[PDB]
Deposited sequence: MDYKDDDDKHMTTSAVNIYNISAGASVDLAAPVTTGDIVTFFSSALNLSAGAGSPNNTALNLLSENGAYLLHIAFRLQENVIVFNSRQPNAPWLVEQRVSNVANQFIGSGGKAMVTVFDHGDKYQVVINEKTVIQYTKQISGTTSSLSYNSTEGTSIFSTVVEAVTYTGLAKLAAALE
């Protein structure tokens, strides 16, 4: 078994195409060197045809994290919400880590050490690009590390 590590720098308002796609069994971690909780910010996993397989939106004024999916050029699907943004980052200390495990029929999302949701997929497929949309809750550049070739 030969696995791979790839590292990407993603600016706010930018996208990257992955050198190795993320599929069942694989992991993506996003690292932020800041945490500004004092504004809506999103991290996205996208398929090769531009579907949003997983959209994670942090909304500080509404005080929720929204999880959703959508096909390209079509309406958003059914939202899942987790309340109280700040309580999901307890113990952070000015930095943060967001990890997504692809478990096949679900995505597991972990903020630092805490599992926040087991999201049942509304669209299936392989992740081939990542994007970061925002004055952000995270640093202007976030680093993404993928671990692929695991299964």
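Gaps without C-alpha coordinates occur at 1-11, 50-55, 152-154, 172-178, with positions taken along the deposited sequence from 1.
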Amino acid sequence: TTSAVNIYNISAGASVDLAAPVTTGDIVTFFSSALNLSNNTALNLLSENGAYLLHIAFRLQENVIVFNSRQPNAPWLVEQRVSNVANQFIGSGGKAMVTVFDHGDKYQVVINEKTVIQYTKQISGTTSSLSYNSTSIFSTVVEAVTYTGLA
From here on, numbers count along this sequence of modelled residues.
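As recorded in the PDB entry, 82-90 is the stretch of 52-60 and 82-90 with the greater mean C-alpha temperature factor. For the two regions 105-113 and 92-100, the entry's Cα B-factors average higher over 92-100.
Across the options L45, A34, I27, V66, the residue with the most elevated CA B-factor in the record is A34. As recorded in the entry, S38 carries the highest CA temperature factor of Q122, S38, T41, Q118.
Remark: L130 belongs to the lowest third of its chain, ranked by C-alpha B-factor as recorded. Ranked against the other modelled residues of its chain, the C-alpha B-factor of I137 as given in the entry falls in the highest third. Residue-level temperature factors show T146 in the lowest third of its chain, judged at the C-alpha atom. Sort the modelled residues of the chain by CA B factor and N6 lands in the lowest third.
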